[PDB]
Amino acid sequence: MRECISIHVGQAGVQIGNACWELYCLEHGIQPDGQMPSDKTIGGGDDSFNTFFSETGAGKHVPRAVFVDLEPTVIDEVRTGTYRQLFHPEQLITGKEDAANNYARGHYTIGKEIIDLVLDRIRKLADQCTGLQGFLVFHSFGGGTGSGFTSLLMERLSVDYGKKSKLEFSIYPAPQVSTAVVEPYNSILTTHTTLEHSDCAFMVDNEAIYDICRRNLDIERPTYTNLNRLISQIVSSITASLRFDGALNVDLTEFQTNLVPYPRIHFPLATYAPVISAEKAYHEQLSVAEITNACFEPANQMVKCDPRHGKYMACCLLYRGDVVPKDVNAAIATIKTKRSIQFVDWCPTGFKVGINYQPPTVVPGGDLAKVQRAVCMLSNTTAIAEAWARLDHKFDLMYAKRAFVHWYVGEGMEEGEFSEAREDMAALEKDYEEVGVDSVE
Amino acid sequence: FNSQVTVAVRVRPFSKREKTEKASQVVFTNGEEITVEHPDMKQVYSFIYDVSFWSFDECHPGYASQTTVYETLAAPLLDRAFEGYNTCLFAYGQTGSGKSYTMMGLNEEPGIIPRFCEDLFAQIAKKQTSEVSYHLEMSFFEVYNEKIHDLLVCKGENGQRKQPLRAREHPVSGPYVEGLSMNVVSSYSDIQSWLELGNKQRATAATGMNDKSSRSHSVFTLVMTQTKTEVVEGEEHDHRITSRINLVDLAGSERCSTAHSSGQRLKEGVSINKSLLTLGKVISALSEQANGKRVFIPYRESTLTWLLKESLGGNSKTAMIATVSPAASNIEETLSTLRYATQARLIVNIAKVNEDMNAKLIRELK
Amino acid sequence: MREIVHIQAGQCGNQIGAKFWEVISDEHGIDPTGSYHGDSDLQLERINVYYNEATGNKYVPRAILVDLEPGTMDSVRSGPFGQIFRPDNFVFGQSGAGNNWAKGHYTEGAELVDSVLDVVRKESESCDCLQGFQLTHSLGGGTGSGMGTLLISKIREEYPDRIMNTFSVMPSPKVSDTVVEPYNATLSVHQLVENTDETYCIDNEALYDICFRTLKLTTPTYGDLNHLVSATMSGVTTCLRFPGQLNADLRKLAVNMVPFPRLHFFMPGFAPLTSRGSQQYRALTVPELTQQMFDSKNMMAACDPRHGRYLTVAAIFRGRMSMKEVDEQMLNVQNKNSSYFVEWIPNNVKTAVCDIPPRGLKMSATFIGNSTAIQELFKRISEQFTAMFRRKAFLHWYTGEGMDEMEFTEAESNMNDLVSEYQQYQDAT
Ligand SMILES: CC(=O)O[C@H]1C(=O)[C@@]2(C)[C@H]([C@H](OC(=O)c3ccccc3)[C@]3(O)C[C@H](OC(=O)[C@H](O)[C@@H](NC(=O)c4ccccc4)c4ccccc4)C(C)=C1C3(C)C)[C@]1(OC(C)=O)CO[C@@H]1C[C@@H]2O
Ligand SMILES: Nc1nc2c(ncn2[C@@H]2O[C@H](COP(=O)(O)OP(=O)(O)OP(=O)(O)O)[C@@H](O)[C@H]2O)c(=O)[nH]1
Ligand SMILES: Nc1ncnc2c1ncn2[C@@H]1O[C@H](COP(=O)(O)OP(=O)(O)NP(=O)(O)O)[C@@H](O)[C@H]1O
Ligand SMILES: Nc1nc2c(ncn2[C@@H]2O[C@H](COP(=O)(O)OP(=O)(O)O)[C@@H](O)[C@H]2O)c(=O)[nH]1
Ligand SMILES: [Mg+2]
Ligand SMILES: [Mg+2]
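Residue numbers (the deposited numbering), protein chains in the order written: chain A, 1 to 441; chain K, 0, 391 to 755; chain B, 1 to 429.
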């Protein structure tokens with residue numbers, strides 16, 4: 001069997017973890033109490049899989065996961081909420097204080113006194129992983145914790161284990177929308193480090209998912225309690241292959257390599273088919289061909305990045321429900337047939353595929369309507385660098401006057417560290433230029 | 000005299406530490422021009438300075454001892470002091486870069502500070518005449534966690550004898566320390582004894598980067614007044630000049646990732662980095678000012694800058710000395726240091742001589 | 001949990017404290033006796049933020065009172081909520097300073113500050129995780145200022161890692177209370193800027209116009225103005241005690257608001273107010289709140305932004321809201337009114353949201369701003385100062401207590417410098 005470790009660090013992750021684990025139960029027919037009256041009904045099946053959940057002789061089941069956010073006010077909601085009787089209570093409410101958007105705190109000063117636990121529960125959880133192991137981490141770039149603690153953590157994990165899949169899911173800081181004014185300092189510092197230990201980090205954004213939440217979901221006033229569910233389903237649509245059967249399954253490690261040409265471009269995007277409200281549950285057939293067009297629609301991308309200002313290095317597509325490979329070859333054919341899409345000359349192959357029979361599910365009280373099938377896309381593209389360009393510009397503008405710097409230094413971060421991380425990011429920016437330029441002879 | 394600051398540089402060589410953990414060379418001196426090779430061998434940065442020395446090796450031209458460096462850098466400031474100009478020299482750079490080894494040096498190869506001091510005493514000996522009477526005083530103090538302490542005080546006997554002082558701003562002469570026990574100099578011997586006491590009591594400590602680190606900032610002030618005859622048939626010795634010399638030994642970044650430490654250690658390191666950052670901002674705005682830019686100078690964001698205001702700018706003939714390493718282990722630090730310095734050349738202040746013809750009519754006749 | 005020590009010093013502060021706890025008690029289901037009679041655990045999950053507990057399920061606040069030179073002492077105690085306060089925390093002396101700062105810093109407060117400081121140490125040690133301090137006072141006066149800055153400094157030395165916040169009624173441009181406010185305050189500012197992480201600059205005049213026009217009250221009192229000050233004091237820390245989609249705390253407020261360590265003075269605001277009639281004549285929306293929030297007439301500091309620009313703000317909302325509309329609305333403001341904002345700060349605003357509204361409102365918000373307009377107040381105090389200083393107009397009263405000209409001079413240089421610093425970034429580039 002295969003297993004994986006879901007970690008949530010900071011606010012954003014945890015709000016997503018609540019969303020994520022809420023879905024998994026439903027997909028597995030498990031009740032909040034860890035029990036299976038559905039198994040009382042069925043009396044069989046491994047639906048409470050070892051992949052994400054453990055089990056006991058009481059009929060309880062426990063997810064393979066953990067969280068920490070240095071904000072007791074968040075977890076406590078969970079600890080008193082509907083799922084308190086589910087999780088292992090040893091959740092790391094260490095929030096004597098928060099990092100307050102300061103990397104130096106969450107990374108160095110007060111990431112101390114905490115991490116030695118975070119690693120330990122991981123081991124206890126790891127020791128039960130008589131299967132594959134690949135990690136799933138949820139953080140937000142720009143936030144103090146989601147960048148500070150995450151950077152510290154993965155560094156050690158690459159040393160405790162190293163030889164493992166360590167895939168992040170994370171919200172990039174938007175170009176315009178922001179809930180803070182020092183995310184840029186915080187983000188760049190992050191990529192200085194996690195670039196090196198990690199192996200992939202799917203990036204998303206709130207602005208786009210907001211826009212999607214408007215246009216197709218027909219929502220006037222969306223909020224966090226809906227975005228997370230879109231972010232959740234993806235993570236399921238990824239991880240399903242480990243759980244159910246499929247005419248064409250896939251491992252985590254397969255994503256590690258087919259999407260990752262060189263060690264330093266392991267930073268792709270994602271889409272889905274959340275284009276379906278209850279009313280427009282009709283008026284469409286929602287085919288394989290139908291959606292596969294939609295996956296590469298600029299609008300339905302999950303970050304603010306025109307593909308058309310760049311090219312596609314590699315893409316992977318994971319389908320669900322009643323989906324036939326024949327259609328996939330057909331729809332994917334047409335996608336190659338269009339010139340709005342520009343690939344490299346490197347990749348005649350271009351595309352990887354994946355299919356699982358197990359359809360999606362739908363959360364009650366939610367938004368997305370039932371659909372007999374669905375698909376996820378990932379893409380490593382040169383286009384993203386414009387987003388990198390926006391950030392490094394912001395960094396330089398204000399850093400020049402050394403604004404907000406004394407706070408980090410007040411926590412022990414040397415000055416030029418910022419410049420060290422900057423020079424790195426320009427290299428990454430150059431790296432994307434390199435790959436993007438066509439070859440000649 | 391709207392005039393610039395002399396910026397000098399000294400690449401010290403590598404050490405036992407690099408011998409144990411091999412760290413290649415990347416700094417290279419084209420006689421005096423500084424060039425640094427990225428370990429990636431993707432870029433060579435290069436920097437030009439008014440002065441250079443190549444202490445990396447003793448042999449190739451460009452080499453200079455403490456006193457060669459003196460007569461390059463600090464003896465001219467001695468000259469301007471006897472001309473009557475206030476003067477400054479301050480050090481910059483990381484830990485283990487010989488910043489003290491240069492300014493102060495040790496017993497066997499003392500620094501620019503003691504070289505200048507004996508040169509100053511004997512230079513007064515050159516004119517120990519009734520033509521001009523001379524009177525020299527000096528103070529010596531330290532900065533630790535933004536707290537000011539007196540190096541020339543024999544502490545009392547107690548568990549806590551690090552008596553703090555505080556700063557006050559004379560509306561005219563600027564900042565100064567209360568209780569600062571400025572004492573009279575008869576000679577360089579007296580200077581030496583004072584310096585020995587102070588450097589002994591300085592809050593310094595061993596660590597993982599060096600056996601003994603300057604964990605506090607040190608200031609060494611001299612002021613020489615010289616009363617000369619005026620050009621009148623009456624009271625002739627009614628002219629005087631003063632000259633204030635300021636020699637400063639700062640601290641290094643001491644990045645905690647290598648300077649793994651805890652408690653008071655990390656506290657001192659934090660305060661140090663904060664101070665040096667503030668200084669850097671001061672330096673930068675000063676450069677912009679020298680470019681003609683109308684700019685607010687946060688002298689007041691700390692103590693070091695506040696006290697050194699009239700030296701970092703103001704009215705004085707000044708200089709900086711930057712210490713840098715050859716080991717690629719700290720190439721980032723050396724580059725930061727070199728960039729600090731090469732920016733630093735661009736700085737100017739307006740330097741004159743402190744006659745202080747107050748209640749004299751001399752300046753008015755002039 | 002994060003814990004705060006609240007301190008009261010001066011006629012103006014203690015009443016603000018007096019009105020303050022009356023609001024917090026209402027926000028936590030507590031009676032004048034200190035018992036619980038609420039209906040939600042939320043009012044108790046984080047009660048230890050402000051209060052300590054006692055034996056019979058009573059709850060004592062972490063309040064301290066230091067200028068109870070007795071004339072206001074009875075005023076507090078013989079009040080609707082006087083009795084909850086720890087009697088031992090009623091520290092005081094006698095022979096009031098007569099608004100002479102030096103008496104309030106050097107002579108009398110010197111004798112008393114030990115005792116109040118000792119009590120602070122107790123409330124500190126009894127905490128599990130101390131975060132920062134919360135002082136109420138006023139400038140211009142003797143006690144609130146001198147004894148304040150004294151007590152502020154000492155605490156900073158003892159807890160330099162910690163936070164020190166104040167909410168300080170500032171002297172007016174026009175309508176004075178005492179005649180030596182330029183003297184009393186500038187001394188304060190000298191010690192305030194250097195020993196503080198942030199302070200909230202409040203002016204009486206703005207509060208008057210605010211209550212006069214928007215609240216449409218023809219007979220407002222000191223009792224009612226405060227009722228607005230206590231609100232902001234509570235909104236700043238709503239995300240501390242209560243949860244939300246996006247949490248905030250004092251430390252998270254500064255680091256996003258304090259780019260340079262000296263520019264830590266602020267212009268708060270609070271929504272919504274409607275004089276009861278128009279309540280039937282609107283509806284509460286996010287753009288609606290935002291509209292009042294950046295209203296040039298809802299600024300309790302009396303420093304018209306429109307002659308200056310903002311460095312950074314914090315718009316703490318409170319209630320059930322959608323974040324899209326929130327983040328969108330700040331952007332619009334950044335867009336349309338961009339000239340009032342800095343270029344070299346790419347985003348000139350942060351946000352924070354708590355999912356628990358107040359007693360009788362569906363949604364509320366709190367404003368925090370850092371702007372260049374604060375220059376103007378600072379010039380006034382300086383200009384008023386010099387006109388008196390050069391003639392030594394009232395000087396002899398302080399010198400009788402041991403101050404000297406340098407000290408008055410020192411602060412002046414410092415205050416002018418703060419101005420120039422703001423003026424540095426005042427021009428668009
Ligand atoms: C009770 C009611 O349904 O009527 C409203 C009301 O008429 C209005 C106008 C209230 C009312 O405001 C005033 O009357 C007022 C008068 C002088 C000075 C300051 C306020 C109200 O008093 C204010 C009061 O608000 C609260 O209840 C909150 O607790 C508020 N503080 C208090 O009012 C309060 C004071 C003492 C004891 C208990 C509560 C608050 C402020 C900050 C943080 C938490 C709570 C509310 C809804 C109303 C009344 C009562 C009429 C308004 O204020 C608030 C906070 O609601 C004024 O504009 C708003 C809109 C409200 O609709
Ligand atoms: N999409 C989404 N984003 C969130 C959610 N919660 C927080 N965020 C993001 O998190 C960022 C704020 O910084 P965070 O990283 O959350 O801060 P933290 O993780 O609590 O740790 P601190 O930075 O110390 O607060 C913002 O950019 C938010 O968009 C959520 O539920 N959904
Ligand atoms: N160029 C050089 N040639 C020969 N010896 C040197 C040179 N530079 C430094 N040294 C010696 O090597 C040692 C390392 O210098 P060190 O004094 O630790 O730097 P530092 O000035 O103390 N930095 P800090 O402690 O941060 O102020 C000193 O004790 C010097 O004697
Ligand atoms: N908002 C408010 N301000 C007050 C109140 N009482 C006094 N003040 C202000 O506080 C100032 C008086 O200073 P005060 O602190 O009494 O002087 P001290 O106590 O002797 O230092 C005056 O400027 C008043 O306007 C009040 O109840 N509410
Ligand atoms: Mg957090
Ligand atoms: Mg040294």
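We put the CB at the ideal spot given by N, CA and C, even for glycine.
At least 8 Å separates the beta-carbon of K:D600 from that of K:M492. When C-beta atoms of the stretch 294-309 of chain B are compared with those of the stretch 209-226 of chain B, three or more pairs fall below 8 Å, so the two segments count as touching. Here A:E441 is exposed. Its C-beta has fewer than 16 other C-beta atoms within 10 Å. Among the CB atoms of chain B, none fall inside 8 Å of the CB of A:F351. For K:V684, the nearest beta carbon of chain B is closer than 8 Å to its own beta carbon. When the beta-carbon positions are compared, A:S48 and A:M36 come within less than 8 Å of each other. For K:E531, not one C-beta of chain B is nearer than 8 Å to its own C-beta. For A:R402, the nearest beta carbon of chain K is closer than 8 Å to its own beta carbon.
Closest by C-alpha distance to B:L253, out of B:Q279, B:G235, B:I16, is B:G235. Around the beta carbon of K:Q615, a 10 Å sphere encloses 16 or more other beta carbons of the protein chains shown; the residue is thus reported as buried. Chain-order list of chain B residues neighbouring A:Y224: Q245, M323, by C-beta distance under 7 Å.
For B:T386, no beta strand (DSSP E) run applies; the uninterrupted alpha helix (DSSP H) run containing it begins and ends at 374-389, by DSSP. Look at B:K252: its C-beta is under 8 Å from a C-beta on chain A. For B:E53, the closest alpha carbon among the candidates B:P182, B:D67, B:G34 is that of B:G34. Close to chain K, meaning a Cβ-Cβ distance shorter than 8 Å, are the following residues of the stretch 97-112 of chain A: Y108. If you check each beta-carbon in the stretch 403-429 of chain A against every beta-carbon of chain K, the ones closer than 7 Å belong to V405, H406, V409, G410, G412, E414, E415, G416, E420. A direct Cα-to-Cα measurement between A:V204 and A:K394 gives close to 19 Å.
For K:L675, the enclosing alpha helix (DSSP H) stretches over residues 653-679.
With a cutoff of 8 Å on beta-carbon distance, B:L228 and B:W101 are scored as not near each other. Taking the beta carbon of K:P560 as reference, the chain B residues within 7 Å of it are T409, listed in sequence order. For B:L311, there is no enclosing alpha helix (DSSP H); the enclosing beta strand (DSSP E) covers residues 310-319. Within the model, the alpha-carbon separation for A:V62 versus A:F87 is close to 6 Å. Chain-order list of chain A residues neighbouring B:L418: empty, with the shortest C-beta distance near 17 Å, by a criterion of under 8 Å.
With contacts defined as CB atoms closer than 8 Å, K:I739 and K:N391 qualify as a contacting pair. Residue side-chain check: B:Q15 places its Cβ nearer than 7 Å to a non-hydrogen atom of ligand 4.
Distance between A:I234 and B:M415, taken at the CA atoms: about 56 Å. Looking only at K:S725, K:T694, K:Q393, the smallest Cα-Cα distance to K:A556 is reached by K:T694. In the structure shown, the three-state DSSP call for A:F67 is strand.
With respect to K:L540, K:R604 sits apart: the two C-beta atoms are not nearer than 8 Å. Residue list for ligand 6: K:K488, K:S489, K:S603 (CB closer than 6 Å to any heavy atom, chain order).
Contact note: K:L655 reaches chain A through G412, using a C-beta cutoff of 7 Å and chain order. DSSP lists K:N738 as the beta-bridge partner residues of K:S392. Annotation for B:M330: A315, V349, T351 place their beta carbon closer than 7 Å to its own, counting only its chain and skipping 5 residues before and after. By the CB criterion at 8 Å, B:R262 and K:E690 fall inside the cutoff. Counted as a single uninterrupted DSSP element, the stretch harbouring B:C303 is not any alpha helix (DSSP H), since DSSP gives it neither H nor E. For B:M406, the residues of chain K that pass the 7 Å Cβ criterion are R557, in the order they occur in the chain.
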